[PDB]
Amino acid sequence: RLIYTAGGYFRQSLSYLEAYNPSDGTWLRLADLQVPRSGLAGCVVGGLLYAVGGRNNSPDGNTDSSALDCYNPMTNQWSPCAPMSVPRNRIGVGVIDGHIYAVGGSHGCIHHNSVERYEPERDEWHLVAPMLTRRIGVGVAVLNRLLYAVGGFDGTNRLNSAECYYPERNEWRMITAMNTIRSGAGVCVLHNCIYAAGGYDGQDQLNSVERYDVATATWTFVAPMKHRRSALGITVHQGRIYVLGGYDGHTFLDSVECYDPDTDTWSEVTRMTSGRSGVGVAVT
């Protein structure tokens, strides 16, 4: 299983698809995206990688993306899928029962609270219940078959608030807010807990990482990342969190740090082939 990273931004939105293998520490250069994009999210359903939303920030202009594109690792080929109801830049994404949930993001000045679900078997999007809070740069995590939306930006303020979606009931509920305000953090699930890593608090890029425990309903801090970052990629591979690139306030990072929950330590495991922010990431 590899860590796939799609798109991102350095001077302009990028078309890269690359895969890191933690076994031998090597990088694979795979087929480019058909359209360049940053602020996208990545996910896996049935062994196929999906690139969702984002925006093509190029020299000619800015085009927000409603596009869903599917990459098959066996064929090294990208294929277009049905587009979302609206463009979603700085989107959040999660998977439940092989269905892709597109959460939040922006289209111009519009900051979405709306959410929609994709069915791969039918190639159809449908709108579900909208979030209680409008969120761009939102972190998404699936835990106990519930879709969590964590942090982000509502149009006016950056958020420490988080909320939880109930697919069977089709409704959202606000949960315990985070210790820190985090827009553009990395949010993932490891060992029955939601991790929120880095992001931007309104003033500074964060290196701090905090962990939601469901039973206690409390966010507690864990060991911080060596390098502060926002608009970072995030994923989990064999019981370790990987964070990929991002923006530190001054430069674009190629750094990849890995978190070991047993030792509560971060270490830099590799570098991306080039520094970038706003990548989509997934594992398969």
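Per the PDB record, this model was obtained through X-ray crystallography at a reported resolution of 2.0000 Å.

Per the PDB entry, the protein chain carries the name Kelch-like ECH-associated protein 1 and comes from Homo sapiens.

(A) Quick peek at the sheet that holds strand 17 (residues 124-127). Strand order in the open sheet made by the four strands is 12-13-16-17, with antiparallel pairing throughout. Of all the strands in the sheet, the pair left with one neighbour each is strand 12 (92-96) and strand 17. Between one strand axis and the next, the sheet turns through 25° on average, direction left out of account. Bridge count for strand 13 (residues 99-103) against strand 16 (residues 115-119) is four bridges, and the pairing is antiparallel.

(B) Inspection of the layout of surface pockets at higher detail. Reported here for the second largest pocket is a volume of approximately 170 Å³. Surrounding the second largest pocket, 16 residues form its lining, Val35, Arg37, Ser65, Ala67 and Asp69 being those nearest its centre. Only strand 9 (62-64), strand 10 (68-72) and strand 11 (77-80) provide two or more residues apiece to the lining of the second largest pocket. Taken together, the residues of the lining of the second largest pocket break down into nine nonpolar, four polar and three charged.

(C) Molecular detail of the sheet that holds strand 28 (residues 252-260). Pairing within the open sheet is antiparallel, and its four strands lie in the order 26-27-28-29. Since the sheet does not close on itself, it has two edges, and those belong to strand 26 (233-237) and strand 29 (265-271), each with one partner. Looking at each pair of strands side by side, their axes are set apart by 25° on average, direction ignored. Across six bridges, strand 27 (residues 240-247) lies against strand 28 in antiparallel orientation. The partner of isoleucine 241 across the bridge, within strand 28, is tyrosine 259.

(D) Inspection of empty space enclosed by the protein at higher detail. A full pass over the atoms with the stated rule returns one cavity of 30 Å³ or more. Computed from the structure, the largest cavity encloses a volume of approximately 30 Å³. Surrounding the largest cavity, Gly137, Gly139, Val150, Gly151, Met178, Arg182, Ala185 and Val187 form its lining. Of the residues in the lining of the largest cavity, the class split is four nonpolar, three polar and one charged.

(E) Molecular detail of the pairing of strand 30 (residues 280-283). Here strand 30 shows a buried face lined by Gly280 and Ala282 and a second buried face lined by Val281 and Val283. In terms of strand pairing, strand 1 (residues 3-6) meets strand 30 through four bridges, oriented antiparallel. Each residue of the ladder has a partner; that of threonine 5, found in strand 30, is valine 281.

(F) Geometry of the pattern of salt bridges. Inspection of the entire model under this criterion finds 12 salt bridges. Across the salt bridge formed by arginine 88 and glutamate 116, the nearest N and O atoms sit 2.8 Å from each other. Here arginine 88, found in the loop between strand 11 and strand 12, pairs with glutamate 116, found in strand 16; they are 28 residues apart in sequence, far enough to count as distant. Relative accessible area serves as the criterion here: at 0%, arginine 88 is assigned to the buried category.

(G) Region of the structure containing unusual backbone geometry. Phi at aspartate 97 takes a positive value of approximately 55°, unusual for a residue other than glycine. Counting through the fold element by element, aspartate 97 comes out in the loop between strand 12 and strand 13. Although it is not a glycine, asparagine 144 adopts a positive phi angle of roughly 50°. Topologically, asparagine 144 is positioned in the loop between strand 18 (139-143) and strand 19 (146-150). A residue is classified by how much of its surface remains accessible, and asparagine 144, at 49% relative accessible area, is partly exposed.

About the criteria used
Residues numbered from 1 in each chain as written, not as in the entry; some residues may be left out. Heavy atoms only, no water. Pairing = 2+ DSSP bridges. Helix = DSSP H or I, 4+ residues; strand = E, 2+ residues; numbered from the N terminus. Axes fitted to C-alpha atoms, helices over the stretch in contact; angles between N-to-C directions. 1 Å grid on protein atoms, 1.4 Å probe; cavity = no way out; pocket = protein on both sides within 12 Å on 5 of 7 lines; lining within 4 Å. Points joined across faces, edges and corners; volume = space filled by probe spheres on them. Nonpolar A, V, L, I, M, F, W, Y, C, P; charged D, E, K, R; others polar. Buried < 20%, exposed > 50% of the residue type's maximum accessible area, 1.4 Å probe, protein only. Salt bridge = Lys/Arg side-chain N within 4 Å of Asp/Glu carboxyl O.

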